[PDB]
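Quick notes on the structure that follows.
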Amino acid sequence: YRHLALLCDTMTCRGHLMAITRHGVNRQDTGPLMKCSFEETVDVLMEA
Amino acid sequence: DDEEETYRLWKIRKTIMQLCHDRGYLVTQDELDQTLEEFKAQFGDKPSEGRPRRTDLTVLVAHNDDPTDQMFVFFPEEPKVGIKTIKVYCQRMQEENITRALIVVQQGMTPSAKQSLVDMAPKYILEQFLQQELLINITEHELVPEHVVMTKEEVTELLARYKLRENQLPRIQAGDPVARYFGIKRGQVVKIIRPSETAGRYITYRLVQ
Amino acid sequence: XXXXXXXXXXXXXXXXXXXXXXXXXXXXXXXXXXXXXXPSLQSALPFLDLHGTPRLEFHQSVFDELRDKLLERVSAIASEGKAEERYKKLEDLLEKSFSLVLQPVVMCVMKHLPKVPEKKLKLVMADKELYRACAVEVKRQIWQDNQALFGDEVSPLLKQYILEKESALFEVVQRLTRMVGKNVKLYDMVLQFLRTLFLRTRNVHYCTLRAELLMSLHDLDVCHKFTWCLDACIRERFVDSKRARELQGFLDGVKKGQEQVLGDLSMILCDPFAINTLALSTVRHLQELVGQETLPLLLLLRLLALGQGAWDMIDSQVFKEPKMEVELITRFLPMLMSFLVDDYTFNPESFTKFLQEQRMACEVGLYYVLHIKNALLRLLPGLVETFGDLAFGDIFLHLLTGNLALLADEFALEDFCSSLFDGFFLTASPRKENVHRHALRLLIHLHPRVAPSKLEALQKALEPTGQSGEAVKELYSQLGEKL
């Protein structure tokens with residue numbers, strides 16, 4: 001239950017549904033290197 | 001239909017009574033759960049152009065302490081509410097000295113009036129609710145755990161014990177239907193008690209953003 | 001012990017069974033009988049119990065002392081206070097007071113015993129009632145201690161006030177236990193007697209706990225209800241201004257009050273909670289009017305209401321205090337001078353000196369503006385002149401509030417100036433003022449160039465402080481400093 005609770009708590013620790021894509025992970029303030037580590041790499045760095 | 005309308009008006013009345021009681025108001029105990037037949041006796045069993053029409057059952061409640069503030073609840077006659085309808089309610093409120101109020105719209109609000117509701121928010125606060133939101137007290141649902149609004153002293157105690165800031169709490173939307181139910185504003189931490197199958201009880205906290 | 005109807009017969013048998021023969025069968029037959037239980041069980045008790053004790057049946061009577069008592073509640077809750085069942089309960093209570101010297105009669109009086117014509121006389125015939133005075137407190141304890149027992153219990157209020165005084169130097173359930181048996185007439189008499197006695201003797205601390213006791217009437221216990229509806233906003237909000245403005249408008253349009261407006265001003269008057277609330281609301285309103293730049297009008301009416309509050313207890317049959325519409329600008333000119341010095345230093349001492357030497361509510365207002373470095377360092381000589389000007393009692397509580405604000409500030413030179421102000425006024429200071437000075441000096445010694453001199457001044461305030469509490473607290477502060 002630790003693992004299910006952690007996953008369901010990271011998706012809802014922002015108030016809305018954080019979908020696990022670029023569209024939900026790359027909309028929270030985490031870091032340009034962290035966000036470019038995921039699937040969109042150049043666009044995150046250009047915006048940052 | 002006419003029996004369906006008095007059932008629907010009674011369920012909206014019941015949910016508004018439970019909403020005011022969960023929000024921390026003076027709700028009379030028999031009013032908090034009356035029978036449908038008691039509502040039909042008190043109001044008149046014909047919402048179709050008759051005695052339990054709208055604006056008869058505008059519920060005025062005060063607070064359980066500091067009895068000055070009131071949110072005397074509104075029920076518009078028309079389905080689609082507009083600005084020239086809510087300014088009559090603004091006139092009834094500025095006749096009074098009280099700033100909170102709830103309107104219970106039937107169909108959706110015109111979005112100019114949605115902007116208009118925000119256009120007096122420091123002056124006097126207006127919340128709106130559709131009929132479908134108030135045919136079920138969503139805090140009675142088994143998926144919805146116990147939300148409790150915290151006072152500012154308890155928020156200072158919380159942040160001083162865990163040595164964290166308001167930026168760091170997990171948060172909640174302002175248009176969250178439970179947040180809309182309790183009517184909390186931005187920046188107002190909500191403790192949430194829920195049963196956990198691995199510890200028994202878990203109290204989380206949701207600052208409002 | 002006590003002698004009932006059967007008890008008198010028992011005593012007569014104990015007298016006439018002392019001599020004259022009368023063999024055991026005849027004696028046991030003439031002695032008594034148990035009409036409820038069967039003779040078969042009474043004869044099998046030798047065959048089964050070997051001379052047991054029948055008190056378990058009396059234990060069942062103790063169960064009856066609950067169970068039929070619930071049946072007494074079944075008499076009380078069904079017919080809405082049945083008069084015939086109440087008369088039967090009164091007759092049973094009379095028989096139990098005559099027979100038992102009284103726990104079942106205690107529970108039968110605690111169930112419901114209003115309108116008993118010989119109830120209070122029967123209780124005053126058993127007027128010892130030491131433990132009975134706390135157990136008979138459902139209905140019988142009301143109106144019997146109003147002569148002298150309420151005066152005996154009044155001293156625990158002063159004991160709790162001394163406890164709060166000792167706790168601030170570092171109740172709720174009891175007033176509910178008093179209000180368990182509590183009616184309108186007894187509460188009105190206790191309130192009137194305590195208000196007259198407090199406004200004669202001290203009029204200092206009793207008003208705060210009286211408002212706290214009136215705030216403990218939330219459980220539907222029934223002017224006074226309007227005083228509760230007024231003081232709900234005083235208790236709930238700490239910085240309430242607009243609700244306080246509505247309350248000032250509600251209490252400004254009063255009628256010809258025959259001591260009711262004076263009672264409302266007494267209840268508002270002397271509460272450190274309510275005084276601090278009114279001072280913080282008046283200072284927040286003054287800051288809001290400075291933000292508007294529209295000084296005189298709502299802060300003036302709030303300050304006039306606070307001044308009428310603070311001047312209530314000096315006389316009886318009075319209305320309020322004067323406004324002084326010319327004096328208010330001269331009192332609030334040093335606010336404008338402090339704002340001008342802050343505007344210069346974020347981008348005059350003689351006016352504050354002359355406005356601080358010509359002096360009630362405005363004094364506490366200027367003391368409560370002291371929480372909110374060149375402007376404070378310039379106004380500090382005006383603070384020295386003020387502390388040399390009046391030198392009142394509660395000014396040390398205002399210095400403690402300024403020390404709490406400075407501890408929220410965390411500044412060295414302000415702390416040194418505050419220690420100099422605390423040191424230079426040891427002439428006519430109380431034990432509480434020197435104790436708070438030593439507690440603040442326990443937070444002192446951030447800098448090591450004056451802290452050894454203050455460690456020597458702790459011993460230099462022991463011999464001159466002839467009060468044993470101040471020197472004991474200095475020794476305890478030295479003990480806590482070495483840990």
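Letters A, B, ... mark the chains of the structure tokens in the order given; residue numbers begin at 1 per chain; ligand numbers begin at 1, in order shown.
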Every residue of region 318-354 of chain C that DSSP places in helix (DSSP H, G or I), as a CSV table (one decimal) with C-alpha atoms, in the first residue's frame:
chain,number,residue,atom,x,y,z
C,327,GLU,CA,-7.6,66.9,21.8
C,328,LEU,CA,-7.7,64.0,19.5
C,329,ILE,CA,-5.6,65.6,16.8
C,330,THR,CA,-3.0,66.6,19.4
C,331,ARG,CA,-3.0,63.0,20.7
C,332,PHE,CA,-2.6,61.5,17.2
C,333,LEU,CA,0.0,64.0,16.0
C,334,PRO,CA,2.9,61.8,17.3
C,335,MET,CA,1.5,59.1,15.1
C,336,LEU,CA,2.0,61.4,12.1
C,337,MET,CA,5.4,62.4,13.4
C,338,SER,CA,6.5,58.7,13.6
C,339,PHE,CA,5.1,58.1,10.1
C,340,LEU,CA,7.1,61.1,8.8
C,341,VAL,CA,10.3,59.8,10.4
C,342,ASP,CA,9.6,56.4,8.9
C,343,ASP,CA,9.0,57.9,5.5
C,344,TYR,CA,12.2,59.9,5.7
C,345,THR,CA,14.2,56.9,7.0
C,349,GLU,CA,11.2,64.4,18.8
C,350,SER,CA,10.2,67.6,20.5
C,351,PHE,CA,6.6,67.3,19.3
C,352,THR,CA,6.3,63.8,20.7
C,353,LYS,CA,8.0,65.0,23.9
C,354,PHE,CA,5.5,67.9,24.3
Give as a ChimeraX atom specification every residue of chain A that touches chain B within 12 Å, counting only C-alpha atoms.
/A:1-5,9-17,29
Rounded to one decimal, what separation in Å do you get between CA of residue 161 (chain B) and CA of residue 190 (chain B)?
16.3 Å
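Counting from CA of residue 121 (chain C), the distance to CA of residue 184 (chain C) is 21.9 Å.
Residues surrounding region 45-61 of chain C within 12 Å are residues 34, 36, 37, 38, 39, 67, 68, 69, 103 and 104 of chain C [only C-alpha atoms; sequence separation below 6 positions excluded].
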Set the cut-off to 12 Å and count only C-alpha atoms: what are the residues of chain B that reach chain C? Output as number ranges by chain.
B: 62-69, 97-99, 151-153
What separation in Å, quoted to one decimal, exists between CA of residue 249 (chain C) and CA of residue 270 (chain C)?
20.5 Å
Can you pull out the residues contacting region 89-93 of chain B? Cut-off 12 Å, using only C-alpha atoms, and skip same-chain residues under 4 positions away; I want them as a ChimeraX atom specification.
/B:55,58,60,69-76,81-85,97-103,116-117,120,123-126
Any idea what's packed within 9 Å of residue 239 (chain C), counting only C-alpha atoms, ignoring anything in its chain fewer than 6 positions away? Could you give it as a PyMOL selection string?
chain C and resi 277-282+284
Let's have the selection written as a PDB file, in the first residue's frame, with N, CA and C atoms.
ATOM      1  N   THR C 277      -8.040  43.791  22.799  1.00  0.00           N
ATOM      2  CA  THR C 277      -8.802  43.709  21.556  1.00  0.00           C
ATOM      3  C   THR C 277      -9.237  45.089  21.080  1.00  0.00           C
ATOM      4  N   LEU C 278      -9.773  45.907  21.991  1.00  0.00           N
ATOM      5  CA  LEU C 278     -10.196  47.257  21.628  1.00  0.00           C
ATOM      6  C   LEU C 278      -9.012  48.141  21.259  1.00  0.00           C
ATOM      7  N   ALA C 279      -7.868  47.963  21.930  1.00  0.00           N
ATOM      8  CA  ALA C 279      -6.680  48.743  21.600  1.00  0.00           C
ATOM      9  C   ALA C 279      -6.116  48.356  20.240  1.00  0.00           C
ATOM     10  N   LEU C 280      -6.064  47.053  19.941  1.00  0.00           N
ATOM     11  CA  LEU C 280      -5.565  46.610  18.646  1.00  0.00           C
ATOM     12  C   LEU C 280      -6.511  46.990  17.515  1.00  0.00           C
ATOM     13  N   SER C 281      -7.825  46.953  17.760  1.00  0.00           N
ATOM     14  CA  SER C 281      -8.782  47.383  16.745  1.00  0.00           C
ATOM     15  C   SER C 281      -8.697  48.885  16.499  1.00  0.00           C
ATOM     16  N   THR C 282      -8.522  49.675  17.565  1.00  0.00           N
ATOM     17  CA  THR C 282      -8.385  51.119  17.410  1.00  0.00           C
ATOM     18  C   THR C 282      -7.083  51.486  16.706  1.00  0.00           C
ATOM     19  N   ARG C 284      -5.431  49.478  14.553  1.00  0.00           N
ATOM     20  CA  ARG C 284      -5.577  49.063  13.161  1.00  0.00           C
ATOM     21  C   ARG C 284      -6.446  50.043  12.384  1.00  0.00           C
TER      22      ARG C 284
END
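Distance check against residue 407 (chain C) using only C-alpha atoms: of C:359, C:441, C:139, C:431, the minimum falls on C:441.
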